[PDB]
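A short worksheet on the structure shown next.
Bear in mind that the values in this text are calculations on the coordinates, not laboratory data. When we count neighbours, we look across all protein chains shown, and the Cβ atoms used for this are built from the backbone with ideal geometry, even at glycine.
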Amino acid sequence: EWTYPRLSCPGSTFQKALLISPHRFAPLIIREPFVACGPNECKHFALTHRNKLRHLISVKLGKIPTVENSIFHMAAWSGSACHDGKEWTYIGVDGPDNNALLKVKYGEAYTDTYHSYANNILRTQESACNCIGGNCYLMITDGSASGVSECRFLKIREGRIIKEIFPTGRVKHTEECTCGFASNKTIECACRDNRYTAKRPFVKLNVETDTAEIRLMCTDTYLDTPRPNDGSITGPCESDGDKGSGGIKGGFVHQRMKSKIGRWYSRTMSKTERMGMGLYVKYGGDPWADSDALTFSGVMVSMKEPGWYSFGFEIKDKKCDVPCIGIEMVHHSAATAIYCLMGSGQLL
Amino acid sequence: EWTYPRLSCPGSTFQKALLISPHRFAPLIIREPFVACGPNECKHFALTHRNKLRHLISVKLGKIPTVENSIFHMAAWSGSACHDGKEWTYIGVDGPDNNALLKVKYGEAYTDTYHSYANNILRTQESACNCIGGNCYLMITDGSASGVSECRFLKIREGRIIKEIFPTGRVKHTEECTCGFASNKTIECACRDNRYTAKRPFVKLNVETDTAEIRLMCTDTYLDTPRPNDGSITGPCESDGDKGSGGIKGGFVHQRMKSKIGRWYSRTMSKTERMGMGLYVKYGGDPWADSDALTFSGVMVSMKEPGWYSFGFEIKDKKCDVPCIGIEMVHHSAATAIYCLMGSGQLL
Amino acid sequence: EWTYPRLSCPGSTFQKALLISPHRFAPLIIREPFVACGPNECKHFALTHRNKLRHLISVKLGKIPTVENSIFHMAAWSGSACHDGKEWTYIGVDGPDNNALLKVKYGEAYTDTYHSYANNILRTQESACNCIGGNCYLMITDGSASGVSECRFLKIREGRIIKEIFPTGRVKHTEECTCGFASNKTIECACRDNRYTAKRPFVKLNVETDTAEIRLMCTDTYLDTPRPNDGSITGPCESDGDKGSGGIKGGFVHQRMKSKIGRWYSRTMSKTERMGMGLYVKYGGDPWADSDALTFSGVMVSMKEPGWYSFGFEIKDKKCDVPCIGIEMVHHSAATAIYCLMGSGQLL
Amino acid sequence: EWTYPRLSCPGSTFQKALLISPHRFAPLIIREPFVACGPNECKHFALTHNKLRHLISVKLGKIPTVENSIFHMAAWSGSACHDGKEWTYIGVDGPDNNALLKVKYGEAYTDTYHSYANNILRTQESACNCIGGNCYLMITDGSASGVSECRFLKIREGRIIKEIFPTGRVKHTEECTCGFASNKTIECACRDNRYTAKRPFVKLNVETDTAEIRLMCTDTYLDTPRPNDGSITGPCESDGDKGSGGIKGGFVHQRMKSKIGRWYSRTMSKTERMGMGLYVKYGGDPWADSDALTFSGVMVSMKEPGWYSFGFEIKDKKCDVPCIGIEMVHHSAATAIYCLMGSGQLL
Amino acid sequence: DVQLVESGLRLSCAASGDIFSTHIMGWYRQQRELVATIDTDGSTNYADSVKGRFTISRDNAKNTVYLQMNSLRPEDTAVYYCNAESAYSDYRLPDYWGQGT
Ligand SMILES: *[C@@H]1O[C@H](CO)[C@@H](O)[C@H](O)[C@H]1NC(C)=O
Ligand SMILES: *[C@@H]1O[C@H](CO)[C@@H](O)[C@H](O)[C@H]1NC(C)=O
Ligand SMILES: *[C@@H]1O[C@H](CO)[C@@H](O)[C@H](O)[C@H]1NC(C)=O
Ligand SMILES: *[C@@H]1O[C@H](CO)[C@@H](O)[C@H](O)[C@H]1NC(C)=O
């Protein structure tokens, strides 16, 4: 009765499904919202008002986070939550800036903590977690924004840390990134480079061997923001290029078929500022070797509305799974717009 | 453990049972309310505030739909929901007016969409759905309000569209049809004509053969609003008559006995404006061939209150079913007055 | 798994247990509050605002009846509710004054109605009901307050009325009767007289023979309000005496032991007005034949608070039952002070 | 399916875990908050606001709103824990010199106990410890400035069974905080208002139903106000100077396979209630050892007030976590809850 | 590191590194009041008293922005500071103060 990957439900294109807008209707102040779905329910996690008021809350998806509906979990500024198969797991970090401390909340009782190593800032995905076979996988980093912030993978089971994974290769900057089960054997991520490169460092995780390799994506569509013009960086794939300063988390979600894997992406429509979302797709191939452009597949949010932090996640169906992608919008309380894969034809 | 038709519980005449009036008491703005009853509970559905703002909600019947109690299900403007036997199913339509699309919410995961064909307006019953043997039957139409709006049936199982039904006969305008299980082999409906006829087009569905036929209700009682004087339309029974412009949704519910079927109708007391409700009954006979007048059987709402769209539904008892009929009253938030069949005697 | 009487838990004297005061902390306006306890929970029933708006509500006992915490049930002005063994049963009366109507809510689907006979005023206990072996017994009267208001006993099973009982003897006025299970063989009641007598007419009900007999209490402690001086009525037990105008419902509860039955009563401390509550007890004996004085056993409410409508009930324990008596306090929203038999010693 | 003691989950040092601060956001007025955790849920009990005070309970993690709180009883002294299948409650009410204790078991009220010294009646104002269907509590009766003898009660299935009379120096004992030291012994940590500036130590033997009260021989005088540490000469039972006044103290166990540790807390300030800080000791006999406590962190800095503290345990699936909490006031109460997790140093 | 230098009639606010595409530039004169700001998308904001008199032009190629005066007034005599505040808290770089002219 655990959690295992399966095949995705049939479909061709994303369609709008829902939105939660507490600004319209005692709403809280929430930021960095992320959603993980268990076998029976989904919770809309968030962070309320770094300071000592930063708490991790959760309301059932579909419900606006009121004061009486929101259950507090922990005092942290960087959250993560998923379902190992039987009950909920949570991760959060707080403390002093230079000496931060990670926390685990499993079932109802607090279990374990982990300390910092590079002694600058310790932080996690700020999104959901991916757990397979009772071994739940997370990513944490420690270092500087303008320096080196090397990342580590965590292997937690029943609320207890088991193993740490050290990536190999170009590992000089990685932070703030969603992940998804590409397959049973290989698990991917899509991350953010703040200073060096205006691209997304692509991480490959193997659950069987517990090894990580980080390579930059060779495609022409530079998904990060701010970005230069597409296809303006010459040379090999690992060339950082110009205007690599700055970054933002980007959506990323899989599409599991019988004998083929498709990949959805997203980015900002604007080149420099964060005004509006758009969705761009690629079918199959090697991310580390293919420089072909992503196929445009719709306008996600119009340019008159702000497209901030986005996430990627899955909702569990009876016999399959649905890949759904969501976006946060700000105004400083946040709304969410949640889009799922559904039907066929063309996106409106 | 599915949903099947059964016999109706004994009784003679309708009696007042409940009313939900948020206007007396943070209540939302609700319009087009309907209720579908599961094996153990009933929810008072609604549509909160035809643009993108409109959402579908649901609170348990008996509860005033507050902000805390309301569960947001989808973003649509035309709702439908029922229980196939195990868990809830919902339908709603959103998009551009000329190129809208249908949506399905099954369990917690989104499944499928259906597009437009006449490319003018897409809409559904704005009422409940009838599901037998896991094969749930719905109605959508596409076309012009003042022109031709051809209608179709749906056959959805486990949340997936399976089969489509094309009705035969006079189909030139048909929408907003309230339907009930007349029998195991036949499902009927009661529709509304906007432009042509001041009557209700009668639909018959056959679950075994998936064939639909649309004919006009042949009686002298003109159930629609606005209407002419009763019995003023001469000639053959398919004669349209005068003052066929305008229309309103009408309540309609069956009464299943061992060897006899009766029908309960409702209509506005006023000839022109939507003010006041009644109840008009007929026992047996063929609606397509009988021109006999409806038997008056009570006054539902006095002439001091407005009667907007009504609906018909069934509440599930342990061993039988109770045919109840409900009315919506407005002032621009709506109430809901719910009448059930109980006892004998005469309606007060 | 039904509701059967058992022996009462050991205990000597009542002690204060709880109070619900919505006035201190949007709380509703409630009057005639009563409570019935099922196998696992107790619901604090009440009636909100003989107009055409009054509804029957229910909150879990211990909770302040807010607008969100209260589920509506029905639209009546006289409520009664108890547990037949598996689910809840409700009774209420509505309609016009002269042509009133009673109606039942069972499970979630409304079942049955019964009409008036004396065609003046229809009403019920305005308190809880007693159900044994799936046959729930209620008491309903019809007539005039200043004239003759004969009472009937109603035997409802699974939401359907089975049999009616016509009492024998002096039945010229009987209303607002509070009842409890004296034993399996006999159910008793305690009533109120408005115009004739300043005493409480005692009713004995037999479940096996379905026969009712109504006589007056022969004891010297006149339990009604207003009342004359104690022992001022000469002659036999049935002498109505003077100052029989007016009346109020009085608390009454049994106490089931292995080989002995004790009775708790209550009455207003004042002789004329509704102000002050006390408790007066008698051990065994025949109420229809004994003129012995009641044994004073404490003060329920001090001299500075008003004591309105009172009731008696039982809370279900795992292995026995606890006889509790409550009192409603007004100011025009009502509170509820609940006292239970608890330990030994003397009442504070 | 009942409650039994087990071994504590591994961990070296406490870390901050949660806080509930209703003052920041219709919150009630709560005082003396305590938490007892059942097999599946933790309840944050409290006393709302002279013949009106009620015992409430909200699920731990939530904030006590008017809608979210269920009232239980009308008392001014709280106690609740889980006997194994359902909840148990204790409260005390009545006239001050003639008070009454009452029990709420499951959903139906069961039993009462009267006063004996007929001056003041009160209980722990904290949780209860229940083993094998026999739940054990404390009643004290008498004067604050005189003699207030204490008793231990045995309640099973909501009914009072047996009473325990302690032996020894019993002339003042109240507001005792307790925990399962072992299967055969329950300890407590108490407060002396008038006589001694230390904490009287109670040992309860569940097998024989005997109690003994002795004083703490260590130099760390945990009470507030306190004199300078190690300023009391002679034996362990010498009360010394400035025995007037007192406060409740945190106390929680740490059960290992073959060793028992003890966690204490006390005020950082020597005189007034301002700031908490953990102090620990590993093993030894409290009644005979006079060695100093091991300083092991700072809970609350001197800029925030440290009022009543409690000690409790959250039930994990395979073990238990010893967590300690503190009440902070402003007169609405905010609760900060620390648990034992990981290793290293307390921040 | 990265610093801002002012040499300005023509103004030049030269910067090192790659802060020209992520930080919002401003001009402050010397109380401390707004003069001119530009963004990284081309949008130009100016203070109310200086409508229609300031022209701002950037150079993404070599990391220096320009400012030009027309119809200079005696009231404009002040020391002008070019700064590089970050509009986003999610960006962990601070504002850098130039020496000014
Ligand atoms: C992965 O393993 C699970 C075992 O539970 C199996 O059901 C599934 O088909 C496998 N493959 C994928 C792509 O999930
Ligand atoms: C219809 O079919 C169901 C099968 O479940 C049967 O129980 C029922 O008696 C049939 N007839 C009616 C009128 O429902
Ligand atoms: C009445 O019948 C029930 C049926 O089990 C029995 O338990 C009870 O002892 C009987 N007597 C009384 C006084 O309830
Ligand atoms: C106490 O007894 C229980 C029996 O249920 C046992 O499991 C436990 O190991 C014993 N010891 C402790 C320290 O709890």
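Points to keep in mind about this one:
- Count - residues of segment B:53-63 that are more than 9 Å from every other protein chain (Cβ to nearest Cβ) and farther than 19 Å from C:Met74 by Cα: 4
- Test: residue in segment A:231-242 that is more than 19 Å from the chain's Cα centre (by Cα) and either closer than 30 Å to A:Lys86 by Cβ or not in a loop (DSSP other than H, G, I, E, B) (or both): no
- Residues being of a type in the set (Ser, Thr, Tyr) and surrounded by fewer than 21 Cβ atoms within 10 Å (Cβ to Cβ) - total across segment A:299-335: 2
- Any hit, segment A:80-92, residues being within 16 Å of ligand 1 (Cβ to nearest atom), in contact with a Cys (Cβ under 6 Å, 6 or more places away or on another chain) and not polar (S, T, N, Q): yes
- The listed residue being surrounded by fewer than 22 Cβ atoms within 10 Å (Cβ to Cβ), away from ligand 2 (no atom under 16 Å from the Cβ) and either under 19 Å from the mean Cα position of the chain (by Cα) or part of a loop (DSSP other than H, G, I, E, B) (or both), out of B:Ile214, B:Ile162: B:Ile214
- When A:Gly307, A:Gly298, A:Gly343 are checked against the criterion of being in a loop (DSSP other than H, G, I, E, B), under 26 Å from A:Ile233 (Cα atoms) and touching a strand residue (DSSP E or B) at 6+ places or on another chain (Cβ under 7 Å), A:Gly307 stands alone in meeting it.
- A search for C-beta distances below 7 Å between a residue of segment B:179-190 that is farther than 16 Å from B:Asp286 by Cβ and any residue that is within 12 Å of ligand 2 (Cβ to nearest atom) and in a loop (DSSP other than H, G, I, E, B), counting only pairs 6+ apart in sequence or on different chains, returns B:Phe181/B:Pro5; B:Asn184/B:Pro5; B:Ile187/B:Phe181; B:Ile187/B:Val207.
- Number of positions in segment A:80-90 that are within 13 Å of chain D (Cβ to nearest Cβ) and assigned to a strand (DSSP E or B): 2
- Flag for A:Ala100 being over 20 Å from the mean Cα position of the chain (by Cα), away from ligand 2 (no atom under 16 Å from the Cβ) and buried (at least 21 other Cβ atoms within 10 Å of the Cβ): yes
- The one condition from (1) under 16 Å from the mean Cα position of the chain (by Cα); (2) more than 22 Å from A:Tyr222 (Cβ to Cβ); (3) of a type in the set (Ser, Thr, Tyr) that A:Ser266 does not meet is (2).
- Checking D:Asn97 against (1) polar (S, T, N, Q); (2) assigned to a loop (DSSP other than H, G, I, E, B); (3) facing another protein chain (nearest Cβ under 8 Å), the condition it does not meet: (3)
- When we screen E:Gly8, E:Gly52, E:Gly98 for residues that are touching a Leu at 6+ places or on another chain (Cβ under 7 Å), away from chain A (no Cβ under 12 Å) and farther than 28 Å from A:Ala145 by Cα, the only hit is E:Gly8.
Residues checked against (1) touching a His at 6+ places or on another chain (Cβ under 7 Å); (2) more than 12 Å from chain E (Cβ to nearest Cβ); (3) acidic (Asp, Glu); (4) closer than 30 Å to A:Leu7 by Cβ:
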| residue | (1), (2), (3), (4) |
| --- | --- |
| A:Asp230 | no, yes, yes, no |
| A:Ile233 | no, yes, no, no |
| A:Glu238 | no, yes, yes, no |
| A:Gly247 | no, no, no, no |
| A:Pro287 | no, yes, no, yes |
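- Residue among C:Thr48, C:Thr66, C:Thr13 that alone is more than 16 Å from ligand 2 (Cβ to nearest atom), β-branched (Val, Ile, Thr) and more than 12 Å from chain D (Cβ to nearest Cβ): C:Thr48
- Of all residues in segment D:16-26, those satisfying the criterion of being more than 8 Å from chain A (Cβ to nearest Cβ) and surrounded by 17 or more Cβ atoms within 10 Å (Cβ to Cβ) are D:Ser21, D:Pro22.
- Only one entry in C:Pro39, C:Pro5 is within 16 Å of ligand 3 (Cβ to nearest atom) and out of contact with any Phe, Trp or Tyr (no Cβ under 8 Å at 6 or more places or on another chain), namely C:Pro39.
- Of all the residues in segment D:102-149, those that are more than 9 Å from chain C (Cβ to nearest Cβ) and not in a loop (DSSP other than H, G, I, E, B) number 16.
- Flag if D:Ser77 is more than 16 Å from ligand 3 (Cβ to nearest atom), more than 10 Å from every other protein chain (Cβ to nearest Cβ) and touching a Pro at 6+ places or on another chain (Cβ under 7 Å): no
- Criterion violated by B:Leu223 - all others in (1) outside any loop (DSSP other than H, G, I, E, B); (2) closer than 23 Å to B:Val35 by Cα satisfied: (1)
- Of D:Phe71, D:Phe34, all but one fail to be away from ligand 4 (no atom under 16 Å from the Cβ), closer than 18 Å to A:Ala109 by Cα and more than 8 Å from chain A (Cβ to nearest Cβ); the exception is D:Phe34.
- A:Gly107 vs. criteria within 16 Å of ligand 1 (Cβ to nearest atom), surrounded by fewer than 22 Cβ atoms within 10 Å (Cβ to Cβ) and among the small types (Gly, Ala, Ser): no
- Summed over segment C:175-204, residues that are within 16 Å of ligand 3 (Cβ to nearest atom) and not in a strand (DSSP E or B) total 4.
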